[PDB]
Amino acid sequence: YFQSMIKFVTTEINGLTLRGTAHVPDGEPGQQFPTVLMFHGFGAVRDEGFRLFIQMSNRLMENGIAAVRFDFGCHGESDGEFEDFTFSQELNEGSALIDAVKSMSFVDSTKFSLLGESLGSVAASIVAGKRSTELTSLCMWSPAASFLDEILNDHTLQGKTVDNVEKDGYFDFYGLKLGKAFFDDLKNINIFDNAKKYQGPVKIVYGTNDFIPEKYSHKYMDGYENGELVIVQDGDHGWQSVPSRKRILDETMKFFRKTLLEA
């Protein structure tokens, strides 16, 4: 037998080392577990805000579900400069992470789901649609699916102008340099036509104080044949109150218990 354990993992994807963390439940040698792979948000790290993904990871692990979470390229401790980041690269890494994590020794590749937060939810929704037979279920927190509309139609990124990127070479995001390549890549991105290709169980959790408009979650639901939308009164983008934190952890554990442990 073996007690539960936290271990660090790395993988190489198109020339970048991505670094991550794995929460393995207790079990016998060689035992394989239903697994959730988690995608963090824009300019975030694999911990997520204020231990959010760590708390979710340990909750899953304490219930027999392995939890795996990597820093995307150009984020956190992975290789890559933010100035070179593109959302296309994030989607390509998300696809390659499915294959890398399904190959890990403790992962039951037949019981395998994605969890996202904010922009990570967007990536997860698109990856799920392109890899529509690979995922047992999909859970999306606070999907930041307005970012194309905001940048391309309103010419702002979280409220700050993008109109100087061409002249000045980059966008200043909290001290990080976001390059022109990111912006030139937005023309290649499609959210909802990709996302609606996934027909498995989907849960979306939206908080009424999220700065993303609620309409985007209803657009997702419009395309999902097997979706569920939970609206958390007074929940915010990052689940940054003790009551909304308890709610997001509980709602997500319930979904993955249903789709990974009881199906």
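Residue indices: 1-based, along the sequence shown.
As the entry records it, the average C-alpha temperature factor is higher for 26-34, out of 224-232 and 26-34. Between the stretches 113-121 and 162-170, it is 162-170 that shows the larger average CA temperature factor. Taking the PDB entry at face value, the top CA B factor among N153, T136, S95, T86 belongs to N153. Sorting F39, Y206, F50, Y198 by the CA temperature factor given in the entry leaves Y198 at the top. For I189, the recorded CA B-factor ranks within the middle third of the chain. Only modelled residues enter the ranking. In this PDB entry, the Cα temperature factor of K177 sits in the middle third of its chain's modelled residues. Annotation for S132: CA B-factor lies in the highest third of the chain's modelled residues. Among the modelled residues of its chain, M140 has a C-alpha B-factor that falls in the middle third according to the deposited record. Placement of the Cα temperature factor of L91 within the chain: lowest third of the modelled residues, per the deposited record.
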